[PDB]
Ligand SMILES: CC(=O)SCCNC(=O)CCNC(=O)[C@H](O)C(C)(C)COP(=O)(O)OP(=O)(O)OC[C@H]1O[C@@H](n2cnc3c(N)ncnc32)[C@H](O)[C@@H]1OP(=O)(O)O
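Single chain ahead, written as structure tokens, the form deposited without acetyl coenzyme *A.
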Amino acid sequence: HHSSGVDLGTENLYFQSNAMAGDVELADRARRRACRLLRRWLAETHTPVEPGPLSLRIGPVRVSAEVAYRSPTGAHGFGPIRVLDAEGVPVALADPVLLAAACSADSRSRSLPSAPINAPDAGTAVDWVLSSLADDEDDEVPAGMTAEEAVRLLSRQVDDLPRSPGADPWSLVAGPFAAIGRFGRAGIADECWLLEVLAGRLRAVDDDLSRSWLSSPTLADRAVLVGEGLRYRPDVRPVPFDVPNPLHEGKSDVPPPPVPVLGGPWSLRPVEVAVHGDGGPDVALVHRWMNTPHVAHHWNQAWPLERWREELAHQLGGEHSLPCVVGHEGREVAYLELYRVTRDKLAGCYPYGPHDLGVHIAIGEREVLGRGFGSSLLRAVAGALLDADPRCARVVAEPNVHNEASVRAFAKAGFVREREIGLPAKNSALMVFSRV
């Protein structure tokens, strides 16, 4: 006699509570899925990761999670992933389809509207995650596995790599590296040490792939969330991209960026920062330009004067970036950073040569100056850089694919669009001006 419910016996309670027992595992499976998505999002955007709090804007939601274990292969161990409101209040747990929707909105927004990921019949990562819920979950690493047994399996996997012509270059990341990360995240062994063991195992095979994987500064991986060429029918059709190679060495003895000498109406000189007092008029010029709206909309570095004063001094003191003032017929009109790719965020995004040089540019005195001048300056800088460093093979840039006037200026100057790349705050057209 209950009418709005079921009349309850102990047998009823038994059936249902038995069912409630597997829910703990279900929640754990959702956690594992959301973590797999977050790792891919971090790798495919080349977002830097450190131990401790991680804070991220993914499409329409703010996402945050503690990085309890930072993995050298990106196999990070996370705390609870939470969605935050504008003030920083947790309003939700970031379950997998939620992450898939946020990532999809962000990725589709990063690429151009004409891109394949944005075609009407392309599907979305939400369809892909949805259609995958019944997939067999992979076995976990045995929590009690020995490090010796870990080396055993890893060598097995490295030798069994097709290691021949026709085989897939991304196989190293997909197989041996993935295993190393799961071993690391389980606490079985240290990943840096497992990578050394992997390195020697590759020296033992004088195959062509083996030598490549030991020497190139980046490695082939496959992206499932970021990339203009993505499709989900409803299954993901991944697209290739490049990631940093942990087996390739740290610092190199590459000199600082050279000071080119521009031809034509253009002039260029390094930025000067006085140790004494304010920092000088160059610090104020850049600071002024960087805080105007049309520049911060691209550079997003609208900082106080003293933060820019120390950024410039930090760059000048180092071997990475060289800040310069550009003149046109007597007037100081532009700021540039010339940088060595090898010491730059760009080094994780494409197979660079050791002397590769990049250019960031902000036109400050556009306000009453310039039309057609863009390609001209870019062309003058690119050629002068190749002239100043004969060991430099190419000059590169990474305008936002949405900055269509910038992309056009680079192409008209002679840069060619080599690929799209995923960066922490944008997708870029990788523009390459090659030496011939």
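Here, rigid core means the biggest group of C-alpha atoms that superpose within 1.5 Å across both forms. Numbers follow the displayed sequence, beginning with 1.
In what follows, reference is made to the form solved in complex with acetyl coenzyme *A, a form of this protein that is not presented.
* To do: Decide whether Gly52 counts as a contact residue for acetyl coenzyme *A in the deposited complex under a heavy atom distance cut-off of 4.5 Å.
  => Close contact is absent here: in the deposited complex, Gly52 is far from acetyl coenzyme *A, nothing within 4.5 Å, heavy atoms only.
* **Any non-hydrogen atom of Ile363 within 4.5 angstroms of acetyl coenzyme *A in the deposited complex** => Close contact exists here: in the deposited complex, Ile363 approaches acetyl coenzyme *A to within 4.5 Å, heavy atoms only.
* To do: Using a 4.5 Å heavy atom cut-off, state whether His298 contacts acetyl coenzyme *A in the deposited complex.
  => Output for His298 is yes: heavy atoms within 4.5 Å of acetyl coenzyme *A.
* Evaluate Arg419 for contact with acetyl coenzyme *A in the deposited complex, applying a 4.5 angstroms cut-off between non-hydrogen atoms, and reply yes or no. => Taking the distances in the deposited complex, the answer for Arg419 is no, it never comes within 4.5 Å of acetyl coenzyme *A.
* **Contact stretch among 385-393, 64-72, 398-406, 32-40 - heavy atom within 4.5 Å of acetyl coenzyme *A in the deposited complex** => It is 398-406 that comes within 4.5 Å of the partner.
* Asked: For 365-385: residues with a non-hydrogen atom within 4.5 angstroms of acetyl coenzyme *A in the deposited complex?
  -> Contacting residues: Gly370, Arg371, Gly372, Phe373, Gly374, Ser375.
* **Core-aligned C-alpha movement of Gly370 between the shown form and the other one, 2 Å or more** => Shift of 2 Å or more: yes.
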